[PDB]
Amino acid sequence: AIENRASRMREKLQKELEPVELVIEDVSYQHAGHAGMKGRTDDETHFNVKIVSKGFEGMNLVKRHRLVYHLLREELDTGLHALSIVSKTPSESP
C-alpha cells in the first residue's frame, strides 16, 4: 500500500529468487538526507539486504552478488547509493 524503493526491491527479489528469507533494511537515515531537502529528494539511498534462497546453490560469492546487483540495476541508477548484500542458501543458514 506504499509505492517505494523498499517495496520494489522486495517484489523483484522475492519474484526472481523465491527466497525462504528476505530482509530489506533501510539505513538511509544514518547516511543520507537532510531537512533542507526533505519531501523533494529520494531518501531511499542505503540498504542492507539478506537473501536466503536455493537459487544460490553452486554459485560462488561473486556470481551470487552479480546476480543480485543485476536484479537491482534500475534501483542503483535511480537513487540507490549503497547496497550491502548477504546471499546464502538455506543449508548455509539456520
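Numbering starts at 1 and follows the sequence shown.
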Quick check: 85-93 versus 2-10, which has the larger average CA B-factor in the record? 85-93
Output the stretch having the higher mean C-alpha B factor in the entry; the candidates are 35-43 and 22-30. 35-43
Residue 49 by Cα B-factor - lowest, middle or highest third of the modelled chain: lowest
Please place residue 17 in the lowest, middle or highest third of its chain by C-alpha B factor as given in the entry. highest
